[PDB]
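S.K.:
Protein chains: 2
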Amino acid sequence: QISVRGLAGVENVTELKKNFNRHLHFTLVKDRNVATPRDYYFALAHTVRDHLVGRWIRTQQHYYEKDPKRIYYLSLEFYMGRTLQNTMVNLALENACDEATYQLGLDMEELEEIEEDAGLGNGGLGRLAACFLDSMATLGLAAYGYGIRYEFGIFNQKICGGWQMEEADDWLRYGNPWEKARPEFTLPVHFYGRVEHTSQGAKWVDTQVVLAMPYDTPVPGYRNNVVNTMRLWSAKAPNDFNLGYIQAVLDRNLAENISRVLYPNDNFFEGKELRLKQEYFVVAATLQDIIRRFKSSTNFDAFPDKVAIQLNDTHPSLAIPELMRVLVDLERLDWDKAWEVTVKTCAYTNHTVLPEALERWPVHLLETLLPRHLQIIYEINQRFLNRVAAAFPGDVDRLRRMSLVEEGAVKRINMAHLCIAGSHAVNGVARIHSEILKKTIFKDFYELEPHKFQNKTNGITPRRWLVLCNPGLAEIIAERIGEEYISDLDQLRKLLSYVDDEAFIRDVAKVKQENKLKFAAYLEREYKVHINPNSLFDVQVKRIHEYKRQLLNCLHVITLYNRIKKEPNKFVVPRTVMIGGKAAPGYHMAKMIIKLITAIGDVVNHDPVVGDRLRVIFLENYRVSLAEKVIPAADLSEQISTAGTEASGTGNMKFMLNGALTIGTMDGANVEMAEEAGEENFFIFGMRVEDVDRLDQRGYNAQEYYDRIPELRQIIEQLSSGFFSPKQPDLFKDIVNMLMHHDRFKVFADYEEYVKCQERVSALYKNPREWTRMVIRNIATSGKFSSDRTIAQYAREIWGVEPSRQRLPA
Amino acid sequence: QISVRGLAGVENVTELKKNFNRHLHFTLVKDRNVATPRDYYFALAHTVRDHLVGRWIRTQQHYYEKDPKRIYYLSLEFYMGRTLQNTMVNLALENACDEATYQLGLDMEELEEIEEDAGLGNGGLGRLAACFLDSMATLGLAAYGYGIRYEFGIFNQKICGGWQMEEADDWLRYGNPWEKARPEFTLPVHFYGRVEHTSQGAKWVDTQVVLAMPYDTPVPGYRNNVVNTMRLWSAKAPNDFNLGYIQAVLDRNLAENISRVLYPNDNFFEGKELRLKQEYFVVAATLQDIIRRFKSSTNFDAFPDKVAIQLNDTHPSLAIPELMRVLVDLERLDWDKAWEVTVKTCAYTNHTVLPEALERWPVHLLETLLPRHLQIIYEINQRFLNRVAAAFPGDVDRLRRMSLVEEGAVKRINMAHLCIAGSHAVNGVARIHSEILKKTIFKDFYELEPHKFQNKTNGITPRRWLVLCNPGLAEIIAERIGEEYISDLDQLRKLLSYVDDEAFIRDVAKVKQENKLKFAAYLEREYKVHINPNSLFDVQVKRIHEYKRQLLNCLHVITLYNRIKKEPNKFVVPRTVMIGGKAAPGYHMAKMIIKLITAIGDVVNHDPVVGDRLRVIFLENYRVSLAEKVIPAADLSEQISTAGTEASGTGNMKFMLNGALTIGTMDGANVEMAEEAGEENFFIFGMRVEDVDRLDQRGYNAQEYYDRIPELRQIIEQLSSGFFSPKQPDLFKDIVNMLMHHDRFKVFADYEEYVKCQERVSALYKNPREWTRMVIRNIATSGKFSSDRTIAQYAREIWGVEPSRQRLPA
Ligand SMILES: O=c1[nH]cnc2c1ncn2[C@@H]1O[C@@H](COP(=O)(O)O)[C@@H](O)[C@H]1O
Ligand SMILES: O=c1[nH]cnc2c1ncn2[C@@H]1O[C@@H](COP(=O)(O)O)[C@@H](O)[C@H]1O
Ligand SMILES: OC[C@H]1O[C@@H](c2nc(-c3ccc(O)cc3)n[nH]2)[C@H](O)[C@@H](O)[C@@H]1O
Ligand SMILES: OC[C@H]1O[C@@H](c2nc(-c3ccc(O)cc3)n[nH]2)[C@H](O)[C@@H](O)[C@@H]1O
Ligand SMILES: *Cc1c(COP(=O)(O)O)cnc(C)c1O
Ligand SMILES: *Cc1c(COP(=O)(O)O)cnc(C)c1O
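First to last, the protein sequences are chains A and A'. A prime marks a further copy of an entry chain.
Per PDB author numbering: the first sequence = residues 12 to 254, 261 to 314, 324 to 836.
Per PDB author numbering: the second sequence = residues 12 to 254, 261 to 314, 324 to 836.
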């Protein structure tokens, strides 16, 4: 059908059909007469999986023979989404599978919709890990992702009476055809116990044992025949565990709970014992696997030449003391040699500066759960502080600030400080964020060891986020500049020579229009809701958080509503305002924001004077598969965090690649996006980081904005008096009180500039030709935001390995 | 190699090899260079499974089209053992698979040993269910086994310091290639709640819901291309279950515990709420499935013409009130019509008369868990007792005895009485047991409804228990009389014409000798123990229970030891005495018996004066796969329960088929075995049922036997004084005290006759020719004990269906 989806050769189509029928009969044990669409999805998934297998075996064989440096990417989260289509794209099988299924009387698009998301992350951090795995495979790196196979991923969100309800995401109910259990490589993980000191060093004894069973998932590179591995650990009780009899067997659940559920917090630290168990579980199993692989090739001097460990935030930070434990207690290396090896092996990526997101574990938890690790942490701290004292003699306050051990009512370990001490490289995830790290929270560490600190601006994979989700746009691009851009996204710059080409302008606008119609129909079918597809699609999708300022968007929506009601017979550019995202279950204010958004919709969408000039839709259950649908349909991307708070963002980049314009603050990667595209092709507004700092020094007083801006006062009076909640007039008083008296994110301070900037958006949308030309300028300069670029930088500047675009033999 | 294992044609061998390599590569994702023997086992299992699939689909299709009467066999236990070899035997693939694997450089016997037993039962009751499934498929019946897929089956037994230790049987750890999950046919099961009475009948409301997910396992018939289904239910929480957030997800375990573990009691009732949940779970899910299948063909008058439900003891007895609940509350049938349908549909098999084994559930448990069922039970009882009062007017004591509701400190429901009331047929499992039912515990019911009471003597499948475990014996039989006996075991009578044939005598003895050498080598390899394979192999394997009288065997072993020590230079026939079996974890006396057996071994096996004339071995972890090894090697089968206590026995029959002679009491099926073979060809001893009754009327006084039999007094003094436990002289005082003062099973009363009978065994063993002739007479008359005979009787006399030996097309 379309070129970028590959060839549908007669031999290949015939073979796919044979194998589909083979799997339906033998694997699924169904005949066509009772097969459901789910059976057909599974038969197709098994058919496509068979094509991965040979490449997977050959790739892993190739690494055993060549013995390259291995990259281990450790994360508590891998937000993978669906696998079927991505696998077909990466193996060039999409058109052949389409044809094969078409000839069997089936619609492949319908079958794709049956697959569950692998929702093993919360948002951006977990999705970054997934994009990175795709880029590492595409760049031929001998890379392994290591994590936890949660039985329950991020909860499914239902909206009932305008409120978020949570349901368990039982993603494994029907089976997962992509994984392979490897019960043969099961490893023990120790907890509790105590330390005894012999003449032959320390011994960690009387421990409870939980088994870590690995499940392997293939990670195909883009058309290079490389298939890497994502290894996820599941918790199993040993068979003598607790061994009246019946109760002992039922109590195996206590051990197996470690891998049961993903903690559903985004940018928030919850210091619970179960979470600490999860962190150690992943680290201890992974490190044993790493060392096993290293020994199958005494001399740990070469360990950093053969192994890189990348810590995805501090969540796997126990890798540092665990590596020391193994090297010192088990392999009998002297402390200094072990520390040298550890530092050269480990690197740390920071993803946030919000204080409530930083992991600070109570000493009493570590003392009970991991007594040997606590001793090792204390020794690291004493040796580290001795270096600080030698470099900055007499600076006693610096010793207190830099300590791994925080004093207070409860003594805590600062895991970020541990990661900096024990890593040869520390990076932020966008230029402004990496600068903030050096100037504020890690300033002291930067002064001691400036060479450690780097930037690696985030990216997204153009396979999933262009080719897979927006084939129409991929194709019209490919017609002009060929297919090479899919693995070399900088080639999109060539599109700048088509900015005045009438046919290209028309095609870009046509693809957007098609995507909007398709999404408007999706909404009607699955959610009984009717939207005008000629309206500007104004989209804010991301987790619900005060710092992301969904509330600022709400204030603009109410402003538009009030302006319409004031002058109903004036023309306004029609908008469909779509907001979606999950709130963490314990985050009360985030749950109230969801309720406000639905309550605004309840008023706006049923006011006959508004008509179809303004609609407000809350998009339920925002997740990777919904992102793939809504992002290609968007006109305007809302990226409106308070300057200094969004470390990078990656949704921002997805929208840029897919032909939306951006309204945003100079925060995270928005700064670099604006720089690449030109500030004239971006809708920038609001306080810069420096302006936020100036306000904080003077003191933020929200009342000043309320007193000076009549349109804002009207909105607050509407919220307070029960206009958006007639039956419960005080329902939103917590929101009003926060905005007026303890708003950490200065919503009112950016309100006037935001509304004015939104008026400029509407003015440009009225001139479709100029809107579309600006879009071309954004798509054309989005190349920097490929995760292939990001990963090549990690590879060269941190891991010390050279990427490769060369194909393994088929 | 041997004829009964089928053809190894070049085409078939080539195809099996191709498919083996296909599964190793694609299914297991291994290459030969890292494959372990476990990988090879799985590749073979998947290869053999592929041959079942077409037949399974066609069989189930055939039943949908023909719509025969369906037989539903409901059991809490299915003791299946291993599947690989049985599948090969039933599909005539054994020699081809042997050849295929041989050409790949692998030993198929070694691969078979890797498979885990499916240990989803305790002993005889669960194993009977498994034999029955094999016979139902072999006889072409449209039969379904329904049960629970326990995550943990019967515990693995380890012996430490002579004591039983229990370990969880994590049988699913490496996967089960035989099952197919069917998450699409998941059904809800209700618990707790309350009953409200509308004008439109009763409604069971406010219930907790647990989901029942089915897993299907194929059950191949013997060379007839029939493949029936065993459907096992697994418990799943619904996704809104308990829905802070983390705890709600972890608490899903409370619902899922229902299918977690098999209760490990044999012939003992433990009235725990979890067990009641298991019983209702299996019944409620199964009955919905039955009704669904019936409707896919208003008129419940035809229900008993299309459906038979066989209750395997009272464990699934809630089927009776559940069927009434569905018919009356949901389908709106009048009570009398529903009861007619229920009675005509259900039949009940009793497997024990021991009072501590009978299920008597406290009313307070049923009231809380199953309030509607309790109401229905009360209504059944009132209507039933009205019939009793009309038939036997004024007999008030009979009303009390026959009531379903037992009065007392705690009110209980007698589930056996419920089953009799609600079934059209009630059977025992051997002639003497069925007579005991009519004369003693069910006498009142027999007088009311004599037509209900039947006998169906138990049997064993000759596929598993001859062809599979003893190919050498199967072959030498087949050389004389052909292969037809494998599905028509009565043809073994033809062997009586070879009782004086010198070559047949030699071959029978040769096969036994080979089996003994093979078992003696197995013992050495796996358990570091050295036995004389020229000794008489004296074997007692079965669950440890006071009624089975392992203690009587112990008394004989000590008697032999003491006789040797008294006259060391006299010849005695050498014996290896082997005792094995599991004790229920809470059954203290059974655990003490195990310790006594090992303690006797500790003395006897290390006494240099004994030499290799007497060895006592405790066979660890007795289970189906160990039975398949030890039974073909046995010379003497110990079946020595107190008369009136072993309802049938089935181990007894396994030994008879495999060329052991039997020493036993006139109990259970031993009576019928002796009748078939001739009493002259059986070593019968001890009290008959009538003699036990006479002793009970006079009063059993164990002291009388102690005072009169010096050899017995010596043994008791050795036990009491610490001869078998020097470091803990009082270790066995509980055993001595029980034997002397509260022995319900009259061990001392059969001691003298048992020892004298054992002397006759030894005398015959000295004349190998006459021993072997007696063996031929036993094997030749074992035909009655085929489960094919048993199932044909159930089919004709209870279910109203005709068996068939006709083949479905291949
Ligand atoms: O002893 C060996 N001989 C040959 N290949 C090996 C051996 N050990 C590991 N491998 C290769 O590496 C394995 C990949 O798994 P890993 O050992 O977890 O990296 C297999 O797929 C083999 O291809
Ligand atoms: O609607 C139908 N059309 C054709 N065959 C059916 C239908 N429903 C059930 N079957 C057959 O019976 C099924 C066996 O599963 P069951 O329905 O659980 O007995 C399938 O394997 C089909 O062969
Ligand atoms: O760099 C990729 C993403 O990491 C996100 C981010 N997520 C988290 C986090 C997640 C879970 C948790 O328990 C604790 C913190 N920190 N930072 C950033 O907010 C986003 O700006 C960035 O693009
Ligand atoms: O008829 C086959 C077998 O059932 C055995 C038997 N097992 C049980 C039982 C099992 C588990 C349980 O929880 C409660 C009772 N009752 N009867 C008999 O003892 C045996 O003689 C018979 O051959
Ligand atoms: C990309 C993505 C995110 C991150 O979006 P931000 O706007 O950068 O917070 C979150 N959730 C999902 C499902 C995503 O695909
Ligand atoms: C046959 C069998 C039984 C029943 O044996 P009995 O001697 O009749 O109690 C118990 N366990 C296993 C493993 C069996 O194969």
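The C-beta atom is built at its ideal place from N, Cα and C for all residues, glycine as well.
Answer yes or no: the CB of A'/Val45 versus the heavy atoms of ligand 1, is any distance below 7 Å?
M.R.: yes
S.K.: Going straight from the alpha carbon of A'/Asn284 to that of A'/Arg160, what length do you get?
M.R.: 21 Å
S.K.: Counting pairs of Cβ atoms below 8 Å between the stretch 45 to 63 of chain A and the stretch 177 to 196 of chain A, do you hit three or more?
M.R.: yes
S.K.: Just list the residues that DSSP pairs A/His208 with in beta bridges.
M.R.: A/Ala213
S.K.: Which two residues bound the contiguous alpha helix (DSSP H) that contains A/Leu27?
M.R.: 21 to 33
S.K.: Which class does A/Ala248 belong to by DSSP, given the choice of helix, strand or coil?
M.R.: It is coil, neither helix nor strand.
S.K.: Once DSSP output is grouped into helix, strand and coil, what is the label at A'/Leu243?
M.R.: strand
S.K.: Please state whether the Cβ-Cβ distance between A'/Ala192 and A'/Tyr226 is less than 8 Å.
M.R.: yes
S.K.: Please find out if some non-hydrogen atom of ligand 4 comes closer than 7 Å to the beta-carbon of A'/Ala141.
M.R.: no
S.K.: Would you kindly work out how many angstroms separate the C-alpha atoms of A/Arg795 and A/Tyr524, rounded to a whole number?
M.R.: Rounded to the nearest angstrom, the two C-alpha atoms are 13 Å apart.
S.K.: Would you identify the three-state DSSP class for A'/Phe311, choosing helix, strand or coil?
M.R.: helix
S.K.: A/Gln305: beta carbon under 7 Å from a heavy atom of ligand 1?
M.R.: no
S.K.: Considering only heavy atoms of ligand 7, does any lie closer than 7 Å to the CB of A/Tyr648?
M.R.: You won't find ligand 7 in this model; what it holds is ligand 1, ligand 2, ligand 3, ligand 4, ligand 5 and ligand 6.
S.K.: Going by beta-carbon coordinates alone, are A/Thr668 and A/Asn678 separated by less than 8 Å?
M.R.: no
S.K.: Is the separation between the beta-carbon of A/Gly156 and that of A/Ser86 shorter than 8 Å?
M.R.: Closer than 8 Å, so yes.
S.K.: Give the single residue among A'/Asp527, A'/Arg427, A'/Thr197 whose Cα lies nearest to the Cα of A'/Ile467.
M.R.: Among A'/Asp527, A'/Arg427, A'/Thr197, the Cα nearest to that of A'/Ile467 belongs to A'/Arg427.
S.K.: Say the cut is 7 Å; is the CB of A/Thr378 nearer than that to a heavy atom of ligand 3?
M.R.: yes
S.K.: Please work out which residues of its chain come closer than 7 Å, Cβ to Cβ, to A/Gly607, disregarding the five sequence neighbours upstream and downstream, and give them in chain order.
M.R.: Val567, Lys568, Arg569, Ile570, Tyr648
S.K.: Quick test of your reading: A'/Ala673 and A'/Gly454, contact by CB under 8 Å. State the CB separation rounded to the nearest angstrom.
M.R.: 7 Å
S.K.: Report the residue ranges of all beta strand (DSSP E) runs contained in full by the stretch 85 to 146 of chain A; include only those spanning at least 3 residues, in chain order.
M.R.: 89 to 92, 129 to 131
S.K.: Give a yes or no on whether 8 Å exceeds the smallest Cβ distance from A/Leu117 to chain A'.
M.R.: no
S.K.: Can you pull the chain A residues whose beta carbon is under 9 Å from the beta carbon of A'/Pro281, in chain order?
M.R.: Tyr262, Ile263
S.K.: Closer than 8 Å between beta carbons: that is the criterion. Which residues of the stretch 65 to 89 of chain A' meet it against chain A?
M.R.: Within the stretch 65 to 89 of chain A', contact with chain A at the beta-carbon level (separation under 8 Å) is assigned to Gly65, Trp67, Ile68, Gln72.
S.K.: Report the partner residues of A'/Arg81 according to the DSSP bridge assignment.
M.R.: A'/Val333
S.K.: What residues of chain A sit near A'/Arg49, judged by a beta carbon separation below 8 Å?
M.R.: Those are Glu195, listed as they occur along chain A.
S.K.: If we ignore side chains and look at the alpha-carbon of each, how far apart do A/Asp628 and A/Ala660 end up?
M.R.: 23 Å
S.K.: Nearest to A/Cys372 by alpha carbon, out of A/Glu393, A/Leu198, A/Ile307?
M.R.: A/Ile307
S.K.: Flag A/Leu581 as yes if its beta-carbon sits less than 8 Å from any beta-carbon of chain A', otherwise no.
M.R.: False, the Cβ-Cβ gap to chain A' never drops below 8 Å.
S.K.: Is any non-hydrogen atom of ligand 1 found closer than 7 Å to the C-beta of A/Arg310, if you look at the structure I gave you?
M.R.: yes
S.K.: Using the Cβ count rule (16 or more neighbours within 10 Å means buried), how would you classify A'/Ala345?
M.R.: buried
S.K.: Determine, using beta carbons only, whether A'/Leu521 and A'/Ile503 come nearer to each other than 8 Å.
M.R.: yes
S.K.: Any heavy atom of ligand 5 closer than 7 Å to the Cβ of A/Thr371?
M.R.: Answer for A/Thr371: no, Cβ out of range of ligand 5.
S.K.: Around the C-beta of A/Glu296, are 16 or more other C-beta atoms found within 10 angstroms, so that it is buried, or is it exposed?
M.R.: Classified as buried, A/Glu296 has 16 or more neighbouring CB atoms from the shown chains inside 10 Å of its CB.
S.K.: What is the rounded straight-line gap between the Cα of A/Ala442 and the Cα of A/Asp61?
M.R.: 43 Å
S.K.: Output the distance between the C-alpha atoms of A'/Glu433 and A'/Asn684, rounded to the nearest integer angstrom.
M.R.: 49 Å
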